[PDB]
């Protein structure tokens, strides 16, 4: 159904924008860039794979911060248009301590802080790295959550014009969009 948000009560009073800007700055720019993509270090991984998955997950190299992108995702790797993540992006989960993978019961976060589901985003292969899905996820890899913020802002304003990326998680909970969980 519509955009749904889970959040630890640690962040009840934070705006979605302030939370995301802060999380991104922490996670940092992993430098998944030309000549700097290094296997076992900053590539991330797909479940079930190979370069497609219901999940793409990546841990920060500077901390235990990690994200899991979920949906029906495809990555072109070296083939035309190269290094494009496209397909359906349904969810983004943010937190610390990535566990699991393709051999396990999928990727998970030991400490999930915030998750966004029913994002409703699709991008065609045809846009390459100009596609919205690509920009959303690559943004989170490069320490810049602007693209994700823009998508969430649009979804929230469609729910109600008083709601935006600059609304707090508690405000979104009263409006039935978000749901709190104790910090664990």
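Positions refer to the first chain, counted from 1. Rigid core (definition): largest C-alpha set, two forms, superposition within 1.5 Å.
A.B. asks: Between 149 to 157 and 44 to 52, which one strays more from this form in 6 other deposited structures of this protein if you match the rigid core and compare Cα atoms?
C.D. replies: Taking the RMS over all superposed structures in 6 other deposited structures of this protein, 44 to 52 lies farther out.
A.B. asks: Going by root mean square C-alpha distance after a core fit, say whether 175 to 183 or 3 to 11 is farther from the shown form in 6 other deposited structures of this protein.
C.D. replies: Result of the core-fitted comparison in 6 other deposited structures of this protein: 175 to 183 deviates more.
A.B. asks: Quick one: say whether 131 to 139 or 55 to 63 has the higher mean Cα B-factor in the deposited entry.
C.D. replies: The entry gives the higher C-alpha B-factor average to 55 to 63.
A.B. asks: Looking at the deposited entry, does 43 to 51 or 112 to 120 carry the larger mean Cα B-factor?
C.D. replies: According to the PDB entry, the answer is 112 to 120.
A.B. asks: Select one of 15, 171, 9, 164: the residue whose C-alpha shows the highest B-factor in the crystal structure entry.
C.D. replies: Within the set 15, 171, 9, 164, 9 shows the top C-alpha B-factor.
A.B. asks: Among the chain's modelled residues, which third holds the C-alpha B-factor of residue 98?
C.D. replies: For residue 98, whose C-alpha B-factor we compare with every modelled residue in the chain, the answer is the highest third.
A.B. asks: Divide the modelled residues of the chain into thirds by Cα B-factor and specify which third, lowest, middle or highest, holds residue 25.
C.D. replies: Highest third, going by the recorded CA B-factors of the chain.
A.B. asks: Place residue 105 in the lowest, middle or highest third of its chain's C-alpha B-factors, as listed in the PDB entry.
C.D. replies: According to the entry, residue 105 has a C-alpha B-factor in the chain's highest third.
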